[PDB]
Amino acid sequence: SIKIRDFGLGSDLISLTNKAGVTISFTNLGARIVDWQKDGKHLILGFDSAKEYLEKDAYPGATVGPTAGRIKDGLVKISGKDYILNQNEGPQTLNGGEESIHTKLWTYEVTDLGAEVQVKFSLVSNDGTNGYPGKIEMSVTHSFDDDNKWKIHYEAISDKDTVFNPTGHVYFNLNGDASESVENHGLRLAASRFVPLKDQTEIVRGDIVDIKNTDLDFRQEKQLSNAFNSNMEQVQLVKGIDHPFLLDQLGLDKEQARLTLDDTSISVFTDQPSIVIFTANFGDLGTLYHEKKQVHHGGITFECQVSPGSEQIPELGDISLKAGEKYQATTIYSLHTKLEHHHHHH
């Protein structure tokens, strides 16, 4: 079933229930996921209205871009030309600049395919918006099906050569309570290397480092507490995880990551080369989610994209987008129950 209602400020809430009874909801404010529940329990973090997003934190569950992450000094080179983008984090351009796409009302249309329901959000980034050459016609399609798969399909075409590398900023918290840390969740991640940050400004260091057999090695499932309790420099620097992980094997067919808690697992598939993981290292900020003060480590993201830093480390990729060339990216989050035995205590 599909249901729609006003969500505040002119945005709407689109809520779907599949045949298994799982419900998921989105809003056109930032083409974002608001909630995902199973048996009355929240699997992700979200607010109860639009204003909350605008007043507390506008990134959760949103579509962010045109470029996700930080671009050092907001400088990119596009077809031999240097362009300076909007700098909203010191000299850095973070998640596309200020008042970016995650803050806009996108138009949308819903398509019911029976076993699958699609929500296609559209927006146009005018040429020159926040310094990005355009115009860029973008669309984000979120779909949910009877197999409990939530898929995000991105498409974009630009009138001018530009850069494009958006991602989805959902936060998972299988505890269903923001006040409960994710340290008790199990993580499996198919990545042997990571990208270290230079310092507190969080720009990339310049190197790629192998993490095998360190507390950041999750090729084999381990509790998140291992990472959180680590005194590895990188962990101390950010007070948790806030890094890009390079996937070892590319392809939409491979389970790149799996997040488990008791009998629930979330699997991650994507066609992108990296996964930026940030564990809500907010300290005592205590943002209120459903009236629960969020704890430090009270959430975890899986931002699938080309790794941030390619400006400095060319080996990570190329996010340029040529005029008229069609961009596409697909990321899928699927839910399962009893995929494995996960019985621990913290």
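All residue numbers are counted from 1 along the displayed sequence.
Averaged over CA atoms, B-factors in the entry run higher in 75-83 than in the other of 75-83 and 270-278. Here the stretch with the larger average CA B-factor, out of 166-174 and 252-260, is 252-260.
The entry lists C-alpha B-factors for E109, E183, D199, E99, and the highest of these is at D199. Taking the PDB entry at face value, the top CA B factor among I203, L187, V117, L94 belongs to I203. Ranked by C-alpha B-factor against the other modelled residues of its chain, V235 falls in the middle third. Sort the modelled residues of the chain by CA B factor and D284 lands in the highest third.
Ranked by Cα temperature factor within the chain, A62 sits in the lowest third according to the deposited record. Per-chain ranking of the deposited C-alpha B factor places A20 in the highest third. The deposited CA B-factor of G134 belongs to the middle third of values across its chain.
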